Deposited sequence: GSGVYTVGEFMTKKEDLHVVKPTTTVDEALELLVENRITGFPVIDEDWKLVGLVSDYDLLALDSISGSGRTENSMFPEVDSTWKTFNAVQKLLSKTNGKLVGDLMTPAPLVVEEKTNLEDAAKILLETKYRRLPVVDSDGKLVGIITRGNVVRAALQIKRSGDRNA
């Protein structure tokens, strides 16, 4: 079987922030890195939240920790890719953080990554 860990955006090529990151640091990070959000880690690289441009710009002196959406839906590396694919493909979710046994964030799987996986079946 395929796993999320094989197709995920690995830890090396990630963009993360901490709850100590300022809204301006995060806005900067988004602008440079052409992303619309990041996973949010504590000092132990544990996953404590997710944050997006909508959250940053209060849409509808403050820090990511203030505006982040904490405790999100999560997958594992050994997680069968097809389950991840179901979620990605049947919900508003375009990303899912991948964490390990110790709750430590080790990647992210996007609907893109799933698409790429589908395509590289050849």
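Check your understanding: Given the full deposited sequence, which segments carry no C-alpha coordinates?
Key -> Missing CA coords at 1-3, 64-97, 160-166.
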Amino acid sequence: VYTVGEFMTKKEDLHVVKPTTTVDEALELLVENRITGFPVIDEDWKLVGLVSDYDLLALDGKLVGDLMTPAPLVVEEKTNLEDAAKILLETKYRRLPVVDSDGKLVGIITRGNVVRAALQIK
From here on, numbers count along this sequence of modelled residues.
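Check your understanding: Is the mean CA B factor in the deposited entry higher across 106-114 or across 9-17?
Key -> Going by the record's values, the stretch with the higher mean is 9-17.
Exercise for review: Could you check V75, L89, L81, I41 and tell me which one carries the biggest Cα B-factor in the deposited entry?
Suggested key: Most elevated C-alpha B-factor of the set, per the entry: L89.
Practice item. Please pick out which of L96, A71, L63, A85 has the largest Cα B-factor as recorded in the entry. Key: In the PDB entry, the greatest C-alpha B-factor among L96, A71, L63, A85 is found at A71.
Review point. Is the Cα B-factor recorded for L50 in the lowest, middle or highest third of its chain?
Key: According to the entry, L50 has a C-alpha B-factor in the chain's lowest third.
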